[PDB]
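**Q** For reference, this is my_file-v4.cif, and it has mmCIF, N, CA and C atoms.
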```
data_upload
#
loop_
_atom_site.label_atom_id
_atom_site.label_comp_id
_atom_site.auth_asym_id
_atom_site.auth_seq_id
_atom_site.Cartn_x
_atom_site.Cartn_y
_atom_site.Cartn_z
N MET M 1 -8.08 -10.18 -3.16
CA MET M 1 -8.25 -8.80 -2.74
C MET M 1 -7.24 -7.90 -3.42
N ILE M 2 -5.97 -8.15 -3.15
CA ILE M 2 -4.90 -7.36 -3.74
C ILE M 2 -4.19 -8.18 -4.82
N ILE M 3 -4.21 -7.68 -6.04
CA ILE M 3 -3.52 -8.35 -7.14
C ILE M 3 -2.10 -7.81 -7.29
N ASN M 4 -1.12 -8.71 -7.25
CA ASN M 4 0.30 -8.34 -7.29
C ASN M 4 0.86 -8.39 -8.71
N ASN M 5 1.18 -7.23 -9.26
CA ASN M 5 1.76 -7.14 -10.59
C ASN M 5 3.27 -6.92 -10.51
N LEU M 6 3.84 -7.13 -9.34
CA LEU M 6 5.26 -6.83 -9.14
C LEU M 6 6.11 -7.63 -10.09
N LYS M 7 5.84 -8.90 -10.21
CA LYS M 7 6.59 -9.73 -11.13
C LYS M 7 6.41 -9.26 -12.55
N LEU M 8 5.16 -8.96 -12.92
CA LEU M 8 4.90 -8.50 -14.28
C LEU M 8 5.63 -7.18 -14.52
N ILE M 9 5.53 -6.30 -13.54
CA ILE M 9 6.23 -5.03 -13.60
C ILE M 9 7.73 -5.23 -13.54
N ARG M 10 8.17 -6.11 -12.66
CA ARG M 10 9.59 -6.33 -12.48
C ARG M 10 10.22 -6.77 -13.78
N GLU M 11 9.54 -7.64 -14.51
CA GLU M 11 10.04 -8.09 -15.79
C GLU M 11 10.17 -6.90 -16.75
N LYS M 12 9.22 -5.95 -16.66
CA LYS M 12 9.33 -4.73 -17.45
C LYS M 12 10.57 -3.97 -17.02
N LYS M 13 10.79 -3.92 -15.71
CA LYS M 13 11.94 -3.23 -15.16
C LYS M 13 13.21 -3.96 -15.56
N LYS M 14 13.11 -5.28 -15.65
CA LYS M 14 14.25 -6.15 -15.90
C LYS M 14 15.20 -6.11 -14.71
N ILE M 15 14.60 -6.09 -13.53
CA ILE M 15 15.33 -6.11 -12.27
C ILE M 15 15.17 -7.45 -11.58
N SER M 16 16.25 -7.97 -11.04
CA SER M 16 16.19 -9.22 -10.31
C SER M 16 15.52 -8.99 -8.98
N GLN M 17 14.77 -9.97 -8.52
CA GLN M 17 14.22 -9.88 -7.18
C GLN M 17 15.37 -9.70 -6.20
N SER M 18 16.55 -10.16 -6.62
CA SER M 18 17.74 -10.11 -5.79
C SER M 18 18.08 -8.68 -5.39
N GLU M 19 18.02 -7.74 -6.34
CA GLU M 19 18.30 -6.36 -6.01
C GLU M 19 17.08 -5.67 -5.41
N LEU M 20 15.91 -5.99 -5.96
CA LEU M 20 14.65 -5.41 -5.52
C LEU M 20 14.39 -5.77 -4.06
N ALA M 21 14.63 -7.03 -3.71
CA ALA M 21 14.47 -7.46 -2.33
C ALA M 21 15.41 -6.65 -1.46
N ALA M 22 16.59 -6.36 -2.00
CA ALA M 22 17.56 -5.54 -1.30
C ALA M 22 17.02 -4.13 -1.10
N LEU M 23 16.31 -3.61 -2.10
CA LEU M 23 15.73 -2.27 -2.00
C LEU M 23 14.72 -2.29 -0.86
N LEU M 24 13.94 -3.35 -0.85
CA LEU M 24 12.98 -3.61 0.19
C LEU M 24 13.67 -3.88 1.49
N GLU M 25 14.85 -4.48 1.39
CA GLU M 25 15.63 -4.87 2.54
C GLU M 25 15.08 -6.17 3.10
N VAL M 26 14.63 -7.01 2.18
CA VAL M 26 14.13 -8.34 2.46
C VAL M 26 14.85 -9.33 1.56
N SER M 27 14.70 -10.61 1.85
CA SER M 27 15.37 -11.64 1.09
C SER M 27 14.73 -11.81 -0.30
N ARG M 28 15.52 -12.30 -1.25
CA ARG M 28 15.03 -12.52 -2.60
C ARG M 28 13.83 -13.45 -2.56
N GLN M 29 13.94 -14.47 -1.73
CA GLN M 29 12.86 -15.42 -1.51
C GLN M 29 11.57 -14.68 -1.17
N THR M 30 11.71 -13.57 -0.46
CA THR M 30 10.57 -12.77 -0.07
C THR M 30 9.83 -12.27 -1.31
N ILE M 31 10.59 -11.75 -2.28
CA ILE M 31 10.03 -11.28 -3.54
C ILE M 31 9.41 -12.44 -4.29
N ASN M 32 10.11 -13.56 -4.34
CA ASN M 32 9.60 -14.71 -5.08
C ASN M 32 8.26 -15.14 -4.52
N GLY M 33 8.16 -15.17 -3.20
CA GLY M 33 6.89 -15.49 -2.58
C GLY M 33 5.84 -14.49 -3.01
N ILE M 34 6.23 -13.22 -3.05
CA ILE M 34 5.35 -12.16 -3.51
C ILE M 34 5.00 -12.36 -4.98
N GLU M 35 6.01 -12.68 -5.79
CA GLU M 35 5.77 -12.89 -7.22
C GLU M 35 4.88 -14.10 -7.41
N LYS M 36 5.20 -15.15 -6.68
CA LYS M 36 4.48 -16.40 -6.82
C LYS M 36 3.16 -16.33 -6.06
N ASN M 37 2.83 -15.12 -5.63
CA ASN M 37 1.56 -14.81 -4.99
C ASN M 37 1.34 -15.68 -3.77
N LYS M 38 2.42 -16.06 -3.11
CA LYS M 38 2.30 -16.80 -1.86
C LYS M 38 1.65 -15.92 -0.81
N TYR M 39 2.05 -14.67 -0.81
CA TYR M 39 1.55 -13.66 0.11
C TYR M 39 1.74 -12.28 -0.50
N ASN M 40 1.00 -11.31 0.00
CA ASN M 40 1.16 -9.93 -0.45
C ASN M 40 2.06 -9.18 0.51
N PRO M 41 2.94 -8.35 0.01
CA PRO M 41 3.89 -7.59 0.87
C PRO M 41 3.18 -6.57 1.74
N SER M 42 3.80 -6.22 2.85
CA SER M 42 3.26 -5.23 3.74
C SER M 42 3.18 -3.88 3.04
N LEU M 43 2.49 -2.94 3.66
CA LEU M 43 2.33 -1.61 3.09
C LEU M 43 3.69 -0.96 2.94
N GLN M 44 4.52 -1.10 3.95
CA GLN M 44 5.86 -0.56 3.92
C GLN M 44 6.66 -1.19 2.79
N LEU M 45 6.61 -2.51 2.69
CA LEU M 45 7.31 -3.19 1.60
C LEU M 45 6.71 -2.80 0.26
N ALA M 46 5.39 -2.76 0.20
CA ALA M 46 4.70 -2.39 -1.03
C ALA M 46 5.12 -1.00 -1.46
N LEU M 47 5.10 -0.08 -0.52
CA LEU M 47 5.51 1.28 -0.80
C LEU M 47 6.97 1.34 -1.19
N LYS M 48 7.82 0.57 -0.51
CA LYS M 48 9.22 0.56 -0.87
C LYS M 48 9.38 0.09 -2.31
N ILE M 49 8.62 -0.94 -2.69
CA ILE M 49 8.67 -1.43 -4.06
C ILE M 49 8.19 -0.34 -5.00
N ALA M 50 7.09 0.29 -4.63
CA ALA M 50 6.53 1.37 -5.43
C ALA M 50 7.53 2.49 -5.55
N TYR M 51 8.08 2.90 -4.41
CA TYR M 51 9.08 3.95 -4.40
C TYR M 51 10.31 3.57 -5.20
N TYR M 52 10.86 2.40 -4.92
CA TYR M 52 12.11 1.99 -5.58
C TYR M 52 11.94 1.80 -7.06
N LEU M 53 10.80 1.27 -7.46
CA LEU M 53 10.49 1.16 -8.88
C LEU M 53 9.84 2.45 -9.35
N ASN M 54 9.67 3.38 -8.42
CA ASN M 54 9.01 4.66 -8.69
C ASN M 54 7.74 4.42 -9.49
N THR M 55 7.12 3.29 -9.22
CA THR M 55 5.92 2.87 -9.90
C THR M 55 4.73 3.01 -8.96
N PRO M 56 3.55 3.25 -9.46
CA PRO M 56 2.37 3.35 -8.56
C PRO M 56 2.19 2.06 -7.78
N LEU M 57 1.89 2.18 -6.50
CA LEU M 57 1.71 1.02 -5.65
C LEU M 57 0.55 0.18 -6.14
N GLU M 58 -0.53 0.86 -6.50
CA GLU M 58 -1.73 0.20 -6.96
C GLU M 58 -1.47 -0.58 -8.23
N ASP M 59 -0.64 -0.02 -9.11
CA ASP M 59 -0.29 -0.70 -10.35
C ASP M 59 0.40 -2.00 -10.03
N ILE M 60 1.17 -1.99 -8.96
CA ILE M 60 1.87 -3.18 -8.52
C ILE M 60 0.93 -4.04 -7.68
N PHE M 61 0.32 -3.42 -6.68
CA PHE M 61 -0.60 -4.12 -5.79
C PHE M 61 -1.94 -3.41 -5.80
N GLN M 62 -2.86 -3.91 -6.60
CA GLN M 62 -4.19 -3.30 -6.67
C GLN M 62 -5.18 -4.07 -5.84
N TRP M 63 -5.93 -3.36 -5.02
CA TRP M 63 -6.99 -3.95 -4.21
C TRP M 63 -8.27 -3.91 -4.99
N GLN M 64 -8.85 -5.07 -5.21
CA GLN M 64 -10.09 -5.16 -5.96
C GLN M 64 -11.18 -5.73 -5.08
N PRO M 65 -12.35 -5.15 -5.11
CA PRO M 65 -13.50 -5.65 -4.30
C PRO M 65 -14.02 -6.97 -4.88
N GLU M 66 -13.08 -7.87 -5.12
CA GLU M 66 -13.36 -9.15 -5.73
C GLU M 66 -13.03 -10.26 -4.75
N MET E 67 8.79 7.17 8.26
CA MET E 67 8.64 6.06 7.33
C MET E 67 7.54 6.35 6.32
N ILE E 68 6.30 6.17 6.75
CA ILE E 68 5.16 6.43 5.89
C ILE E 68 4.33 7.55 6.46
N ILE E 69 4.05 8.53 5.65
CA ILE E 69 3.23 9.65 6.05
C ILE E 69 1.78 9.39 5.65
N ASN E 70 0.89 9.44 6.64
CA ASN E 70 -0.53 9.15 6.43
C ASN E 70 -1.33 10.42 6.21
N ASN E 71 -1.85 10.58 5.00
CA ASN E 71 -2.69 11.73 4.69
C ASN E 71 -4.16 11.37 4.79
N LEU E 72 -4.45 10.25 5.42
CA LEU E 72 -5.82 9.75 5.45
C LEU E 72 -6.74 10.77 6.08
N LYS E 73 -6.32 11.31 7.21
CA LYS E 73 -7.12 12.31 7.87
C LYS E 73 -7.28 13.53 6.98
N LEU E 74 -6.18 13.95 6.37
CA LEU E 74 -6.21 15.11 5.51
C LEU E 74 -7.09 14.84 4.30
N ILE E 75 -6.87 13.69 3.68
CA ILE E 75 -7.63 13.31 2.51
C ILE E 75 -9.09 12.99 2.83
N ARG E 76 -9.31 12.24 3.89
CA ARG E 76 -10.66 11.79 4.20
C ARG E 76 -11.59 12.96 4.42
N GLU E 77 -11.12 13.94 5.15
CA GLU E 77 -11.92 15.11 5.44
C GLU E 77 -12.27 15.87 4.15
N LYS E 78 -11.38 15.81 3.16
CA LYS E 78 -11.66 16.41 1.87
C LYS E 78 -12.85 15.70 1.25
N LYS E 79 -12.86 14.38 1.41
CA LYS E 79 -13.93 13.54 0.90
C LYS E 79 -15.25 13.86 1.61
N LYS E 80 -15.14 14.19 2.90
CA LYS E 80 -16.29 14.38 3.80
C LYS E 80 -16.75 13.04 4.35
N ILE E 81 -15.87 12.07 4.28
CA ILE E 81 -16.12 10.73 4.78
C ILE E 81 -15.70 10.64 6.24
N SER E 82 -16.54 10.08 7.08
CA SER E 82 -16.18 9.92 8.47
C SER E 82 -15.20 8.77 8.59
N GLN E 83 -14.37 8.81 9.61
CA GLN E 83 -13.49 7.68 9.85
C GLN E 83 -14.35 6.46 10.05
N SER E 84 -15.48 6.68 10.69
CA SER E 84 -16.42 5.62 11.01
C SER E 84 -16.93 4.91 9.76
N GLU E 85 -17.35 5.66 8.74
CA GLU E 85 -17.81 5.01 7.53
C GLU E 85 -16.65 4.35 6.82
N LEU E 86 -15.54 5.07 6.75
CA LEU E 86 -14.32 4.56 6.14
C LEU E 86 -13.85 3.33 6.90
N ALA E 87 -13.89 3.41 8.22
CA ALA E 87 -13.54 2.26 9.02
C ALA E 87 -14.43 1.10 8.62
N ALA E 88 -15.70 1.41 8.40
CA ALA E 88 -16.63 0.43 7.88
C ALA E 88 -16.24 0.01 6.47
N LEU E 89 -15.78 0.96 5.66
CA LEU E 89 -15.39 0.66 4.28
C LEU E 89 -14.22 -0.32 4.34
N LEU E 90 -13.30 -0.02 5.23
CA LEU E 90 -12.18 -0.89 5.51
C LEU E 90 -12.64 -2.15 6.19
N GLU E 91 -13.68 -2.00 7.00
CA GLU E 91 -14.21 -3.07 7.85
C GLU E 91 -13.38 -3.17 9.12
N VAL E 92 -12.99 -2.01 9.61
CA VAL E 92 -12.27 -1.86 10.86
C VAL E 92 -12.99 -0.83 11.73
N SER E 93 -12.65 -0.76 13.00
CA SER E 93 -13.31 0.18 13.89
C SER E 93 -12.84 1.61 13.63
N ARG E 94 -13.67 2.57 14.01
CA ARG E 94 -13.35 3.98 13.85
C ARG E 94 -12.09 4.30 14.65
N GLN E 95 -12.03 3.77 15.85
CA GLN E 95 -10.88 3.96 16.73
C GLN E 95 -9.61 3.53 16.02
N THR E 96 -9.70 2.43 15.30
CA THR E 96 -8.58 1.95 14.53
C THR E 96 -8.18 2.98 13.48
N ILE E 97 -9.17 3.51 12.77
CA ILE E 97 -8.93 4.56 11.77
C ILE E 97 -8.39 5.80 12.44
N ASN E 98 -8.97 6.18 13.56
CA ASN E 98 -8.48 7.34 14.28
C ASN E 98 -7.03 7.13 14.67
N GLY E 99 -6.71 5.93 15.10
CA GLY E 99 -5.32 5.61 15.39
C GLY E 99 -4.47 5.77 14.14
N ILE E 100 -5.00 5.30 13.01
CA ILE E 100 -4.33 5.45 11.73
C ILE E 100 -4.25 6.93 11.36
N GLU E 101 -5.35 7.64 11.54
CA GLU E 101 -5.44 9.04 11.17
C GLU E 101 -4.53 9.89 12.03
N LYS E 102 -4.46 9.55 13.30
CA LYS E 102 -3.59 10.25 14.23
C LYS E 102 -2.18 9.69 14.15
N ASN E 103 -1.96 8.86 13.15
CA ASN E 103 -0.64 8.31 12.84
C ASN E 103 -0.07 7.52 14.00
N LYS E 104 -0.92 6.88 14.78
CA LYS E 104 -0.42 6.02 15.85
C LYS E 104 0.36 4.86 15.24
N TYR E 105 -0.18 4.34 14.16
CA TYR E 105 0.42 3.25 13.40
C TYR E 105 -0.03 3.34 11.95
N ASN E 106 0.68 2.68 11.05
CA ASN E 106 0.30 2.70 9.64
C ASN E 106 -0.63 1.54 9.33
N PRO E 107 -1.66 1.75 8.56
CA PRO E 107 -2.62 0.67 8.22
C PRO E 107 -1.99 -0.34 7.28
N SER E 108 -2.46 -1.57 7.32
CA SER E 108 -1.91 -2.61 6.48
C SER E 108 -2.15 -2.30 5.00
N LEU E 109 -1.49 -3.05 4.13
CA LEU E 109 -1.58 -2.84 2.69
C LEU E 109 -3.02 -2.99 2.22
N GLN E 110 -3.69 -4.02 2.70
CA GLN E 110 -5.08 -4.24 2.36
C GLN E 110 -5.92 -3.07 2.84
N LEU E 111 -5.67 -2.65 4.07
CA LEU E 111 -6.42 -1.54 4.65
C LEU E 111 -6.16 -0.26 3.87
N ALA E 112 -4.90 -0.01 3.54
CA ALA E 112 -4.53 1.19 2.81
C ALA E 112 -5.15 1.19 1.42
N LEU E 113 -5.08 0.05 0.75
CA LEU E 113 -5.66 -0.06 -0.57
C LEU E 113 -7.16 0.13 -0.54
N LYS E 114 -7.82 -0.43 0.47
CA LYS E 114 -9.26 -0.23 0.57
C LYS E 114 -9.55 1.25 0.70
N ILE E 115 -8.74 1.94 1.50
CA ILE E 115 -8.91 3.38 1.68
C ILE E 115 -8.71 4.08 0.35
N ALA E 116 -7.67 3.68 -0.37
CA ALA E 116 -7.38 4.28 -1.66
C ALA E 116 -8.58 4.14 -2.58
N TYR E 117 -9.11 2.92 -2.66
CA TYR E 117 -10.30 2.67 -3.46
C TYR E 117 -11.48 3.47 -2.94
N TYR E 118 -11.73 3.38 -1.65
CA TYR E 118 -12.87 4.04 -1.06
C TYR E 118 -12.79 5.55 -1.18
N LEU E 119 -11.60 6.10 -0.99
CA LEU E 119 -11.44 7.54 -1.10
C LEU E 119 -11.17 7.94 -2.54
N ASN E 120 -11.11 6.95 -3.43
CA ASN E 120 -10.85 7.20 -4.85
C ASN E 120 -9.59 8.03 -5.00
N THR E 121 -8.59 7.68 -4.21
CA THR E 121 -7.34 8.41 -4.14
C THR E 121 -6.17 7.42 -4.19
N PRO E 122 -5.04 7.80 -4.76
CA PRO E 122 -3.86 6.88 -4.81
C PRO E 122 -3.41 6.49 -3.42
N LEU E 123 -3.00 5.24 -3.25
CA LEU E 123 -2.58 4.76 -1.95
C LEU E 123 -1.37 5.53 -1.44
N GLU E 124 -0.39 5.74 -2.30
CA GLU E 124 0.82 6.44 -1.90
C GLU E 124 0.49 7.85 -1.49
N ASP E 125 -0.47 8.45 -2.18
CA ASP E 125 -0.87 9.81 -1.87
C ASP E 125 -1.43 9.88 -0.48
N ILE E 126 -2.10 8.81 -0.07
CA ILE E 126 -2.65 8.73 1.27
C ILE E 126 -1.55 8.29 2.22
N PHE E 127 -0.83 7.24 1.84
CA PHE E 127 0.27 6.72 2.63
C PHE E 127 1.54 6.75 1.81
N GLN E 128 2.33 7.80 1.96
CA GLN E 128 3.58 7.91 1.21
C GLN E 128 4.75 7.42 2.03
N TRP E 129 5.51 6.52 1.44
CA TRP E 129 6.71 5.97 2.04
C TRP E 129 7.87 6.89 1.71
N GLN E 130 8.43 7.51 2.73
CA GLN E 130 9.50 8.46 2.52
C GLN E 130 10.83 7.86 2.94
N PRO E 131 11.88 8.14 2.21
CA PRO E 131 13.24 7.62 2.55
C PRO E 131 13.75 8.20 3.87
N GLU E 132 13.08 9.27 4.31
CA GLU E 132 13.39 10.03 5.52
C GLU E 132 14.15 9.22 6.57
#
```
The structure given in the file should be rewritten as structure tokens.
**A**
Amino acid sequence: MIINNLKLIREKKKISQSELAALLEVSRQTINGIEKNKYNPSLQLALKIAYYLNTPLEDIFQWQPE
Amino acid sequence: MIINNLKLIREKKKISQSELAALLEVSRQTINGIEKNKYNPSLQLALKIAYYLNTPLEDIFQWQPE
């Protein structure tokens, strides 16, 4: 449903999940799970990622009718 | 935290909460709760709205540092 480009984007950012998770105010492991597509982040977390990376949320987490 | 423009945006679309709720696959009451900002919709729900309303998710649900 939702495709997570956070890791792909994060690599562009060259930001560690360590700091990004901090922006989110979640554990680094939380990002890794998100990167490793274990689960998709909540809207608040997604938005925080979008806001903190000032990147479009959809670009990071796109919902596809797939 | 997150400001919901769904009601503001949806009405621009001319889409009923009911159809959108259907688009989301949730009840109208749920959307009305979302629209009346009782609670913020999940990431999947928000993204579906973004797709359905052909509008950016953040634009509908903006996460503010407030």
**Q** Given a cut-off of 9 Å, which residues of chain E touch chain M, counting only C-alpha atoms, written out as a PyMOL selection string?
**A** chain E and resi 67-68+106-114+116-117+122-124+127-131
**Q** Which residues fall under the PyMOL selection byres ((chain E and resi 70-79) around 6.5) in this file, as number ranges by chain?
**A** E: 68-69, 80-82, 100-101, 103, 125-128
**Q** Enumerate the residues of chain M with a DSSP assignment of strand (DSSP E), computed from the backbone, and present them as a list in words.
**A** residues 2, 3, 4, 61, 62 and 63 of chain M
**Q** Enumerate as number ranges by chain all residues of chain M assigned to helix (DSSP H, G or I) by DSSP on the backbone, naming them with the chain letters and numbers the document uses.
**A** M: 6-13, 17-24, 28-35, 43-52, 57-60
**Q** One number please: atom CA of residue 22 of chain M to atom CA of residue 54 of chain M, in Å, one decimal.
**A** 15.2 Å
